[PDB]
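Have a look at the structure below before the remarks.
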Amino acid sequence: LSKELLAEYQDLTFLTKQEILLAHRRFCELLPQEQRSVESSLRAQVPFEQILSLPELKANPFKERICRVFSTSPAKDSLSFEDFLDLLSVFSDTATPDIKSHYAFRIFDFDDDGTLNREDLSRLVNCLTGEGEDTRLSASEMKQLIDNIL
Ligand SMILES: [Mg+2]
């Protein structure tokens, strides 16, 4: 489903509390001492440089998409508390795969036109099949199969 499903989650609290505890400390480890107080973390965002610690984003080198797409801020390089938590919630593959699809989709979808564009289409079957590997090789054959399923 579209942001319609997640829209209901964020507007709620599907996010656990324990995970938050870790963020308060575990993360404050990379944040200055004068910021160790979660009090300044609710307004302060996590610098991209430090975010490199979160493997969740490792999915794509230039997470620049996570900042702008996942978060709506001018910096576009500092995960803010706001969504940060909401991310862990929506990132819950509890329900069917549909939820997961939205997770990886929105993240991989930088344009967000309403479907998988050449941009996502690649990064997509790329991670699954494995760009430049055994599966599909260097070529446009990615259209033959993708078109065979559609
Ligand atoms: Mg797209």
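Quick note on naming: the chains in the structure tokens go A, B, ... in the order shown, residues restart at 1 in each chain, and ligands are numbered from 1 in order of appearance.
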
Quiz item: Which residues form the shell of 9 Å around ligand 1 when you count only C-alpha atoms and all ligand atoms, given as a count of residues only?
Solution: 16

Self-check item: All residues 12 Å or closer to residue 68 (chain A), only C-alpha atoms, same chain fewer than 2 positions away omitted, as an NGL selection string
Solution: :A and (48 or 62-66 or 70-80 or 83 or 106-112)

Please dump the current selection as a short mmCIF file (atom, residue, chain, number, x, y, z; two decimals), in the first residue's frame; keep N, CA, C and O atoms.
data_model
loop_
_atom_site.label_atom_id
_atom_site.label_comp_id
_atom_site.auth_asym_id
_atom_site.auth_seq_id
_atom_site.Cartn_x
_atom_site.Cartn_y
_atom_site.Cartn_z
N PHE A 48 24.41 13.01 9.48
CA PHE A 48 24.60 11.93 8.52
C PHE A 48 25.93 11.22 8.80
O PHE A 48 25.98 9.99 8.88
N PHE A 62 24.76 6.16 -1.03
CA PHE A 62 24.29 7.55 -0.93
C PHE A 62 22.91 7.60 -0.30
O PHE A 62 21.91 7.78 -0.99
N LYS A 63 22.87 7.44 1.01
CA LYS A 63 21.62 7.47 1.75
C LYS A 63 20.94 8.83 1.58
O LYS A 63 19.85 9.06 2.11
N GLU A 64 21.58 9.73 0.84
CA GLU A 64 21.02 11.06 0.62
C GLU A 64 19.52 10.97 0.34
O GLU A 64 18.78 11.93 0.54
N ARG A 65 19.08 9.80 -0.12
CA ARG A 65 17.67 9.59 -0.41
C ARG A 65 16.87 9.43 0.87
O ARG A 65 15.74 9.87 0.96
N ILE A 66 17.48 8.81 1.87
CA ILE A 66 16.80 8.59 3.14
C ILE A 66 16.49 9.92 3.82
O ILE A 66 15.43 10.10 4.40
N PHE A 70 12.82 10.10 3.11
CA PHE A 70 12.26 9.65 4.39
C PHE A 70 11.96 10.83 5.30
O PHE A 70 10.98 10.82 6.04
N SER A 71 12.81 11.85 5.23
CA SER A 71 12.64 13.06 6.05
C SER A 71 12.52 14.29 5.16
O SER A 71 13.15 14.37 4.11
N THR A 72 11.70 15.24 5.59
CA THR A 72 11.49 16.48 4.83
C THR A 72 12.16 17.65 5.55
O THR A 72 11.51 18.36 6.32
N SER A 73 13.45 17.84 5.30
CA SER A 73 14.20 18.93 5.93
C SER A 73 15.17 19.57 4.93
O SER A 73 15.51 18.96 3.92
N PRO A 74 15.60 20.77 5.19
CA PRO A 74 16.54 21.51 4.29
C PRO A 74 17.94 20.88 4.30
O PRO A 74 18.63 20.87 3.28
N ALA A 75 18.35 20.38 5.46
CA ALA A 75 19.67 19.76 5.59
C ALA A 75 19.79 18.56 4.66
O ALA A 75 20.78 18.42 3.93
N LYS A 76 18.79 17.69 4.69
CA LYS A 76 18.79 16.50 3.85
C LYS A 76 20.05 15.67 4.10
O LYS A 76 20.60 15.05 3.18
N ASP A 77 20.51 15.66 5.35
CA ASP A 77 21.70 14.90 5.71
C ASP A 77 21.82 14.77 7.23
O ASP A 77 22.92 14.72 7.77
N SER A 78 20.67 14.72 7.90
CA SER A 78 20.65 14.61 9.36
C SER A 78 19.32 14.01 9.82
O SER A 78 18.33 14.72 9.98
N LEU A 79 19.31 12.69 10.01
CA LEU A 79 18.08 12.01 10.44
C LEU A 79 17.56 12.63 11.73
O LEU A 79 18.21 12.58 12.76
N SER A 80 16.36 13.22 11.66
CA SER A 80 15.76 13.86 12.83
C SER A 80 14.92 12.87 13.63
O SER A 80 14.41 11.89 13.08
N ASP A 83 10.76 11.33 12.23
CA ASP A 83 10.63 10.09 11.50
C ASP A 83 11.51 8.99 12.10
O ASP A 83 11.06 7.87 12.22
N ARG A 106 9.75 3.10 -0.69
CA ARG A 106 9.88 4.52 -0.40
C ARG A 106 11.35 4.90 -0.28
O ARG A 106 11.78 5.94 -0.79
N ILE A 107 12.13 4.07 0.40
CA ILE A 107 13.55 4.33 0.59
C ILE A 107 14.28 4.32 -0.75
O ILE A 107 15.12 5.19 -1.01
N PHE A 108 13.98 3.33 -1.58
CA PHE A 108 14.62 3.21 -2.89
C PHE A 108 14.01 4.20 -3.88
O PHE A 108 14.65 4.59 -4.85
N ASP A 109 12.77 4.60 -3.62
CA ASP A 109 12.08 5.54 -4.49
C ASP A 109 12.44 6.98 -4.12
O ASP A 109 11.96 7.50 -3.11
N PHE A 110 13.28 7.60 -4.94
CA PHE A 110 13.70 8.98 -4.69
C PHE A 110 12.73 9.96 -5.33
O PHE A 110 12.50 11.05 -4.81
N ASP A 111 12.16 9.57 -6.47
CA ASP A 111 11.21 10.42 -7.17
C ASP A 111 9.82 10.31 -6.55
O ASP A 111 9.18 11.32 -6.26
N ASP A 112 9.37 9.08 -6.35
CA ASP A 112 8.06 8.84 -5.76
C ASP A 112 6.95 9.32 -6.70
O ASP A 112 6.06 10.06 -6.29
#

Quiz item: What's the 9 Å shell around residue 37 (chain A), counting only C-alpha atoms, without same-chain residues fewer than 6 positions away, as a ChimeraX atom specification?
Solution: /A:24-25,28

Residue subset to file, keeping N, CA, C and O atoms, as an mmCIF file, in the first residue's frame:
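Output contents, as saved in result_38.cif:
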data_model
loop_
_atom_site.group_PDB
_atom_site.id
_atom_site.type_symbol
_atom_site.label_atom_id
_atom_site.label_comp_id
_atom_site.auth_asym_id
_atom_site.auth_seq_id
_atom_site.Cartn_x
_atom_site.Cartn_y
_atom_site.Cartn_z
ATOM 1 N N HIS A 24 18.434 6.604 23.034
ATOM 2 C CA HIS A 24 18.814 7.620 24.006
ATOM 3 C C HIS A 24 20.302 7.532 24.346
ATOM 4 O O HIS A 24 21.032 8.530 24.297
ATOM 5 N N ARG A 25 20.765 6.328 24.653
ATOM 6 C CA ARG A 25 22.172 6.124 24.991
ATOM 7 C C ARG A 25 22.982 5.688 23.775
ATOM 8 O O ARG A 25 23.632 6.505 23.130
ATOM 9 N N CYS A 28 23.581 8.386 21.683
ATOM 10 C CA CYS A 28 24.262 9.498 22.347
ATOM 11 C C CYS A 28 25.778 9.248 22.415
ATOM 12 O O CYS A 28 26.548 10.154 22.735
#

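Among the candidates A:90, A:54, A:30, A:22, the one nearest to residue 4 (chain A) when counting only C-alpha atoms is A:90.
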
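Ranking A:94, A:41, A:89, A:148 by their shortest atom-to-atom distance to residue 14 (chain A), with only C-alpha atoms included, puts A:89 first.
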
Exercise. Excluding residue 56 (chain A) and any residue of its chain fewer than 4 positions from it, enumerate the residues within 12 Å of it, using only C-alpha atoms, and give them as a ChimeraX atom specification.
Key: /A:51-52,60-61,63,66,84,87-88,91,103-104,107

Quiz item: Of the candidates A:26, A:67, A:142, A:44, which one gets nearest to residue 123 (chain A) if we count only C-alpha atoms?
Solution: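 Counting only C-alpha atoms, the residue closest to residue 123 (chain A) is A:142.
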
Exercise. Enumerate the residues of chain A with a DSSP assignment of strand (DSSP E or B), computed from the backbone, and present them as a list in words.
Key: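 Strand (DSSP E or B) assignments inside chain A correspond to residues 46, 47, 78 and 79 of chain A.
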
Practice problem: Have a look at CA of residue 124 (chain A) and CA of residue 50 (chain A) and let me know their distance in Å, one decimal. | Solution: 25.8 Å

Exercise. Pull the alpha helix (DSSP H) assignments for region 29-85 of chain A out of DSSP run on the backbone, and list those residues as a VMD selection string.
Key: chain A and resid 38 to 41 48 to 51 55 to 58 64 to 65 81 to 85

Deliver the residues from the most recent selection as a file, using N, CA and C atoms, as a CSV table (one decimal), in the first residue's frame.
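Wrote it out as result_10.csv, contents follow:
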chain,number,residue,atom,x,y,z
A,38,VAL,N,19.0,13.4,26.2
A,38,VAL,CA,17.9,13.2,25.2
A,38,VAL,C,17.1,14.5,25.1
A,39,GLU,N,17.1,15.3,26.1
A,39,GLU,CA,16.4,16.6,26.1
A,39,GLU,C,16.8,17.4,24.8
A,40,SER,N,18.1,17.4,24.5
A,40,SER,CA,18.6,18.1,23.3
A,40,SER,C,18.5,17.2,22.0
A,41,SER,N,18.1,16.0,22.2
A,41,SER,CA,18.1,15.1,21.1
A,41,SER,C,16.7,15.1,20.4
A,48,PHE,N,24.4,13.0,9.5
A,48,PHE,CA,24.6,11.9,8.5
A,48,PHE,C,25.9,11.2,8.8
A,49,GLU,N,27.0,12.0,8.9
A,49,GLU,CA,28.3,11.4,9.2
A,49,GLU,C,28.2,10.3,10.3
A,50,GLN,N,27.5,10.6,11.3
A,50,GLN,CA,27.3,9.6,12.4
A,50,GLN,C,26.3,8.5,12.0
A,51,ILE,N,25.3,8.9,11.2
A,51,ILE,CA,24.3,7.9,10.9
A,51,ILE,C,24.9,6.7,10.2
A,55,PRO,N,23.0,0.3,10.2
A,55,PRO,CA,23.1,-0.6,9.0
A,55,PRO,C,21.8,-0.6,8.1
A,56,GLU,N,20.7,-0.2,8.7
A,56,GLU,CA,19.4,-0.2,8.0
A,56,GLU,C,19.6,0.6,6.7
A,57,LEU,N,20.3,1.7,6.7
A,57,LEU,CA,20.5,2.5,5.5
A,57,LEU,C,21.6,1.9,4.6
A,58,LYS,N,22.5,1.1,5.1
A,58,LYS,CA,23.6,0.5,4.4
A,58,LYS,C,23.0,0.0,3.0
A,64,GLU,N,21.6,9.7,0.8
A,64,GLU,CA,21.0,11.1,0.6
A,64,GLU,C,19.5,11.0,0.3
A,65,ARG,N,19.1,9.8,-0.1
A,65,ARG,CA,17.7,9.6,-0.4
A,65,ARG,C,16.9,9.4,0.9
A,81,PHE,N,14.8,13.1,14.9
A,81,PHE,CA,14.0,12.2,15.8
A,81,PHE,C,12.6,11.9,15.1
A,82,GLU,N,11.9,13.0,14.8
A,82,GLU,CA,10.6,12.8,14.2
A,82,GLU,C,10.4,11.5,13.5
A,83,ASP,N,10.8,11.3,12.2
A,83,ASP,CA,10.6,10.1,11.5
A,83,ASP,C,11.5,9.0,12.1
A,84,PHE,N,12.8,9.3,12.4
A,84,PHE,CA,13.7,8.3,13.0
A,84,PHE,C,13.0,7.2,13.7
A,85,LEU,N,12.3,7.5,14.7
A,85,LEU,CA,11.5,6.5,15.4
A,85,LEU,C,10.5,5.9,14.5

Quiz item: So which one's closest to residue 6 (chain A), A:145, A:135, A:92, A:130? Using only C-alpha atoms, please.
Solution: A:92

Practice problem: Could you tell me which of A:5, A:23, A:127, A:46 comes closest to residue 59 (chain A) if we count only C-alpha atoms? | Solution: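 Counting only C-alpha atoms, the residue closest to residue 59 (chain A) is A:127.
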